[PDB]
Trainee: 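First the structure, which I've put down as structure tokens, then a few questions once you've had a look.
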Amino acid sequence: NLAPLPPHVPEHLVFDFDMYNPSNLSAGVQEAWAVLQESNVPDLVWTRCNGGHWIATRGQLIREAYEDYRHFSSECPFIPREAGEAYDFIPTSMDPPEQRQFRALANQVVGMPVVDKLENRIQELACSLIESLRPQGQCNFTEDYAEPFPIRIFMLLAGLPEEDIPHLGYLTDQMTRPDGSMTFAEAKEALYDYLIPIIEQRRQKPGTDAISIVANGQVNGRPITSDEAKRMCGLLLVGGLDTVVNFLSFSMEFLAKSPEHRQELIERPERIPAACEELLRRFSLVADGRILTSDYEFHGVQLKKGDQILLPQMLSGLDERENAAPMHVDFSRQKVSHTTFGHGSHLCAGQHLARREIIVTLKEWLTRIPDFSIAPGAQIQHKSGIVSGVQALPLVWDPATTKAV
Ligand code: HEM
Ligand SMILES: CC1(C)[C@@H]2CC[C@@]1(C)C(=O)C2
Ligand SMILES: [K+]
Ligand SMILES: [K+]
């Protein structure tokens, strides 16, 4: 279902990539996006899929565009257009300098000092979930660990009841990987209708949870509005529920297939932080973008005002111009170059939380269950969208080779 080619786009720049269903998905989602980096494809192309939009395919262009918010605005950062237009999360729907005072409040609530404060709980929950699974000799990693570990920590941080998880998980899925049951607008409104009473309750009687802090914070000398707090909390929910969850499945699926990579981390745990970076590169999973604020010529290509451009955070680290043998996982890379948490002013606010969750998962899983694999015959399906993911991940192991700590 292609949209008619706009008159300003030359035919040689056409490449009909569908970000929500790439043709190569059976081979792995990162591999499916990497077709955009074969020699037949220009640096910057127009797809007629999903309403019609640009895609930058090279790390250099993606970084440049994310830096230049003057031409590439966050006002409409999602494809398709209806989703980008409905999208009003704070601070991600704002350009500098407006984004600034909000970014600082996001940092207050999900930044380093909060992570450092919650580290014990993070550690506690990983060990608990893992020990609980360990003697089973099998699990569905997506539902058995990948979801509850990051999500319960986020609900803990936000002071929200775990009973609300399935509902919230549904709405977030719809926003990043639309199935078609509901528009982005409807999904957002459902999410906001959940947030609205909570925020109100918390402006009246402040707590110490992230939502209380946001809803009672200050921006530009004045109190945050109930509407702004809602737009900010909505983003935090999305980030909390649908990023690390999906990334953990990619990493664990990989580790299920490489005993030598496992042993590398088991023998020298100080390598785990670098390994985290490398897995973040190889299994990068986000792709949003920007909208053109005016007519602009960018690397020889005529862009028109209102044109959307997808700037896949996923592609920069897979670009062979940034990393040699990009599809190989090499914990010893002298520089892991990537933009997995993004680039420019909107560089992920929760990246420290995410790394902590990944680093804890790697160490605690490999300690107790050093030897595991994918269930025999099992076929792993990836899904693609604004955030790519794993449908299911059946793992198996012999409990005789596992360890309680
Ligand atoms: C592996 C995990 C994660 C990845 C790959 C990721 C990716 C990203 C990316 C690419 C952006 C920039 C989007 C843009 O430029 O439009 C972003 C922004 C953001 N993320 Fe993350 N994220 C992760 C985890 C989290 C978590 C756990 C949170 C917790 C709340 C979070 C909260 C945020 C927030 C608040 C922003 C907005 C920053 C701003 O606009 O100033 N992220 N993330
Ligand atoms: C693109 C993102 C990963 C980033 C954090 C959540 C997300 C879906 C957003 O809307 C901003
Ligand atoms: K290309
Ligand atoms: K918008």
Side-chain angles (χ1 to χ4, degrees), residues 12-15 17 19 33-47 54-62 66 73-95 98-99 102-103 106 110 150 154 168 171-178 184-185 187-188 191 231-247 280 284-291 293 299 301 306 308 310-316 318-322 326 339-351 353-354 385-389:
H12 72 255
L13 291 181
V14 175
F15 185 88
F17 185 83
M19 65 167 291
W33 283 71
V35 303
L36 281 158
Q37 302 175 323
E38 317 282 358
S39 62
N40 58 306
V41 192
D43 291 347
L44 174 54
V45 296
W46 177 271
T47 181
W54 301 98
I55 316 179
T57 71
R58 292 295 173 193
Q60 177 186 230
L61 277 68
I62 294 166
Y66 277 128
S73 168
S74 289
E75 184 181 7
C76 185
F78 273 26
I79 274 134
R81 193 176 297 276
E82 314 81 70
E85 289 183 0
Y87 184 101
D88 65 354
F89 288 151
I90 292 171
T92 53
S93 69
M94 286 160 177
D95 298 316
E98 185 194 17
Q99 176 230 9
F102 297 97
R103 183 168 168 79
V110 298
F154 179 86
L168 300 172
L171 299 180
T172 300
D173 286 347
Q174 287 308 309
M175 283 179 278
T176 55
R177 290 170 306 281
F184 185 92
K188 193 190 55 175
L191 168 60
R231 300 205 270 140
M232 208 170 326
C233 285
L235 175 69
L236 297 173
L237 272 270
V238 169
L241 268 43
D242 198 58
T243 57
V244 182
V245 166
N246 300 289
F247 176 74
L280 280 169
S284 193
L285 75 165
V286 178
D288 71 343
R290 301 296 188 258
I291 188 163
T293 52
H299 294 246
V301 179
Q308 300 184 264
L310 185 63
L311 303 163
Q313 281 89 349
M314 178 203 295
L315 289 182
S316 310
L318 301 181
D319 193 343
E320 81 271 21
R321 297 175 196 178
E322 294 206 351
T339 60
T340 290
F341 289 112
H343 192 66
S345 62
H346 288 280
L347 183 56
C348 174
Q351 59 181 323
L353 176 55
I386 302 277
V387 169
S388 292

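In what follows, every heavy atom counts, from backbone to side chain, and hydrogens, waters and symmetry copies are set aside. We number each residue from 1, following the sequence as shown. When a ligand or atom number is given, it counts from 1 through the structure's own listing order.
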Trainee: Is there a side-chain contact between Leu318 and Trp33 in this structure, where contact means two heavy atoms from C-beta onward sitting under 4.5 Å apart?
Mentor: no
Trainee: Do you know how many protein N, O or S atoms are within a distance smaller than 3.4 Å of the K ion (ligand 3)?
Mentor: 4
Trainee: Take the K ion (ligand 4) as the centre and count protein N, O or S atoms at distances under 3.4 Å.
Mentor: 4
Trainee: Determine the minimum heavy-atom distance between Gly239 and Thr243, stating which atoms define it.
Mentor: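 So the minimum-distance heavy-atom pair works out to O-OG1, 2.7 Å.
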Trainee: Are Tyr66 and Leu347 side-chain neighbours, meaning at least one heavy-atom pair lies under 4.5 Å?
Mentor: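 No, every pair of side-chain atoms sits at 4.5 Å or beyond.
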Trainee: Test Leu237 against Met175 for side chain to side chain contact (heavy atoms under 4.5 Å, CB included), laying out the working first.
Mentor: CA-CA 12 Å; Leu237 272 270; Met175 283 179 278; over 6 Å; no
Trainee: Are any non-hydrogen side-chain atoms of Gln99 and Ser74 less than 4.5 angstrom apart?
Mentor: no
Trainee: Please produce the table of protein N or O atoms sitting under 3.5 Å from N or O atoms belonging to ligand 2, one pair a line, distance to 0.1 Å.
Mentor:
unit_1: ligand 2; atom_1: 10 (O); unit_2: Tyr87; atom_2: OH; d: 2.7

Trainee: Could you pull out all donor-acceptor pairs under 3.5 Å where a side-chain atom in residues 75-85 meets a protein atom, sequence neighbours excluded?
Mentor:
unit_1: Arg81; atom_1: NH1; unit_2: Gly306; atom_2: O; d: 3.0
unit_1: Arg81; atom_1: NH2; unit_2: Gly306; atom_2: O; d: 2.9

Trainee: Is there a side-chain contact between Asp242 and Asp173 in this structure, where contact means two heavy atoms from C-beta onward sitting under 4.5 Å apart?
Mentor: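 Yes, close enough: below the 4.5 Å cut-off.
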Trainee: Any side-chain heavy atom of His343 sitting closer than 4.5 Å to one from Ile62?
Mentor: no
Trainee: Are the side chains of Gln313 and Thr340 in contact, using a 4.5 Å heavy-atom criterion?
Mentor: no
Trainee: Could you tell me whether the side chain of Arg290 reaches within less than 4.5 Å of the side chain of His346, counting heavy atoms only?
Mentor: yes
Trainee: For a 4.5 angstrom cut-off between non-hydrogen side-chain atoms, does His299 reach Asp43?
Mentor: no
Trainee: What orientation do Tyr87 and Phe89 show, parallel under 30°, tilted 30 to 60°, or perpendicular over 60°?
Mentor: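 The rings of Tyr87 and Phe89 stand perpendicular, inter-plane angle above 60°.
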Trainee: Taking CD in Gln60 as the centre, count heavy atoms belonging to other residues, nucleotides or ligands within less than 6.0 Å. Is the count above 12?
Mentor: no
